[PDB]
């Protein structure tokens, strides 16, 4: 049919950054400390003035204590600002209803979860337990069906109202289970946590999970970001349609970006917003996290998120106006490395493994996901045909694809599936469909695709759509140059084949509704955590549930119209989730990858490494922190643990010695 081989070994990528590997519990623990500390102005300008309760009351009985042994530069000092530059825009503050805050670490810094996984890049193997975040501990029953979860006892929201099970329950019942509410990210569906999995309150600081499978420990990662982020239930519940006279759109848009001081479990709170300009966050006085010395975290008092572009984030970091960047667009690498070459540069650049991938995803729903018309339906039928996918992938010159982004040692031939940069990857297991355009052309002719009008474009058979020319719609993320470069390239190569492809370029917010809704034929997408880690959001590897897959979901309400490879892939993923055996887990992924790549669950375009860019003044930045693994580096670096020595501190605070106001008020509080 096609002469399949294994993908070629990429060029050697030296002068990277080595991770200092550590055991799971070297990072944090939950203990009551003898005495506690904070910035002197809080005690002298707020506590003594009345304005705030003493620190001891603001903190839980047992706070989250960061161990100093795991701190790269040791225990810190208070002061300075973290200046971010984002390419996104806020929709509002309702994360659990599916509103974007702008990305670039803004929703990571606000919405804290039951567990935490991003810092697990530094723990040895891939059978690691996620770190206890809002849930301090958990026990499994002798059978493996029940998880008793113990929450942090005594934590408060950034406004002062207690954090308890009512917030965890509100999210599970009124967002996850509730079919009308859709949490931000497109993957917090009920089955993400297992089919027929329930959750129930015991007491205010104890919740109980009930799983259909025995010890499906892989779900503790789904309890981390983005899928299990509780919101301020005392603010959200009176706006919720089950609890009020609000529609689901009224609830969704109940808190516009202008609405200030929204209650968070995160280290900073939004105090200022200026459309297309800036969002300013100030340290949360009710933060439940401290260091071994009793100092109430964070160290940095202020966070900025400049509303600009994704490319400008890179430009501004190497120049020194922005403090942080994930350099992920190969079109920026050369400019960034040139500025990095200067020894007097304000930022340090550090490349990691090839964990950034892009895949072509085809809509596999033939039972009407996204309500397709006759032309739409005809493409879903082509997409599900294995000979059409084999020809589409073989018409791709993958060497030229990589070279269209950046020439050199960065890119790797990527057929699809598991990222080559991850441990779970097996090269022998990956199926490579080499560049064979003439072969691809002949395969499309064999399924009934020939040019009928002599224009150079292929045609549907006489029986399909009146024998009209083939028309495919490609959904593209408008916020990235890479996505666009790839989208245009694919169109040019699909044109050489004969397939006519139309670019539908939408803004991030729009693109997600058109994708998660099913309103697409083909799409270009950057790979999420499951292809970069396997262990994080494993449910997205196959259609295990009716909404767990990026390219094969079913309409509400209907069962999946799965293909035999997808059915076998879902069996692999379900077995992997409930497996505690590492050798079984390693060969389950060798199996998974082979089924993926040979069947073409997605069609790989290219893969490459991103670099972490941080301003040199920042301390406690872990060595070898990837830009993307269990999550984005914003999460991985532990920003509440970052600090700056007082002789290095910048003068960038826009509300110095101020704290957040009340939810709904103007902004921050002084004087």
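Under this definition, the rigid core comprises the largest set of C-alpha atoms superposing within 1.5 Å between the forms. Positions refer to the first chain, counted from 1.
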### Task
Rigid core fitted first, then name the stretch among 124-132 and 239-247 whose C-alphas deviate most from the displayed form in 4 other deposited structures of this protein.
124-132
### Message
Root mean square C-alpha distance from this form after a core fit in 4 other deposited structures of this protein: higher for 10-18 or for 659-667?
### Response
10-18
### Query
Can you tell me which stretch has the higher mean Cα B-factor, 607-615 or 35-43?
35-43
### Task
Going by the average Cα B-factor in the PDB entry, point out whether 519-527 or 142-150 comes out higher.
142-150
### Summary
Listed options 565, 425, 410, 592: highest C-alpha B factor recorded at 565
### Query
According to the deposited entry, which of 324, 305, 414, 388 has the largest Cα B-factor?
388
#### Entry: residue 314 - which third its CA temperature factor falls in, relative to the rest of the chain
lowest
### Query
C-alpha B factor of residue 224, ranked within the chain: lowest, middle or highest third?
lowest
### Task
State the tercile, meaning the lowest, middle or highest third, of residue 461 with respect to the CA B-factors recorded for its chain.
highest
## Note on the structure
The third of the chain into which the C-alpha temperature factor of residue 63 falls is the middle
## Note on the structure
Chain thirds by Cα B factor, record data; residue 661 belongs to the middle
